[PDB]
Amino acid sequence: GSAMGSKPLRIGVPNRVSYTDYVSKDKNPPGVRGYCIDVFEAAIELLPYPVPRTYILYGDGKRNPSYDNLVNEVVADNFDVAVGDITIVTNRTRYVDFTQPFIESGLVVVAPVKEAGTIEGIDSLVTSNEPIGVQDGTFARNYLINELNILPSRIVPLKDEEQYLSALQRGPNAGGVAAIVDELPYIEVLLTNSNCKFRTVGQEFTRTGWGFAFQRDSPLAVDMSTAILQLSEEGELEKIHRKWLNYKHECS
């Protein structure tokens, strides 16, 4: 019979430095772990065919990588899929085939409790002209510039939870920010870890989700959407969420 085997699915995984319960490196095979990996694996197990595969980390592990650059590595055929906390953003849907979302997402504004009389939501944050913290690597920076009219110099990329907290505590006149703009899944973790000093202000002012980003016309994208809906019906998406994420804390 023919000697040459099939190439395995090349899975690109963002090498996250913050909010690592969503997805991160693992010292042990398969070399990655977290909520999005367990969902991906649970969905792979429901496909009606084997999927030989390997997980390849993307980023230097010092800062969160560019998620737009990770998605374009799929577009450029360096990976077959991007697996992780990959937001379903307009520009990315032009070039990859996302699954149906496996978790809902949306941007929120986070500010100190003491500041909520002047920063009440995205509209007051826009007109404040104060600095706005964001993660490294997120779609949110270009979203703020292009959709919310934020002057680019106002956007302050921050490395990790210690810096998210430091920047909010210092505030806008002492080298920090008026607010952080980030997706609600991350903020649920940040508020779990910050002793009731910060809160969301105003409406979740965008709505989308996270999906797995396959190449254009991939039959895996179709079959993994069906599998994600199966996990959702079975209660498995909720079980996997409970395994990795807990938003209960002491001060409330």
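In this text, residue numbers run from 1 along the sequence as written.
Per-stretch averaging of Cα B factors for 105-113 and 165-173 places 165-173 on top. Here 17-25 and 231-239 are compared by their mean Cα B-factor, and 231-239 comes out higher.
The entry assigns its greatest Cα B factor, within the set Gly34, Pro185, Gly209, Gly61, to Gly61.
When the modelled residues of the chain are ordered by C-alpha B-factor, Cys196 sits in the highest third. Sort the modelled residues of the chain by CA B factor and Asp160 lands in the middle third. For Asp77, the recorded CA temperature factor ranks within the lowest third of the chain's modelled residues. Compared with the other modelled residues of the chain, the Cα B-factor recorded for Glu130 ranks in the middle third.
Per the deposited record, the Cα B-factor of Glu147 falls in the middle third when ranked against the other modelled residues of its chain.
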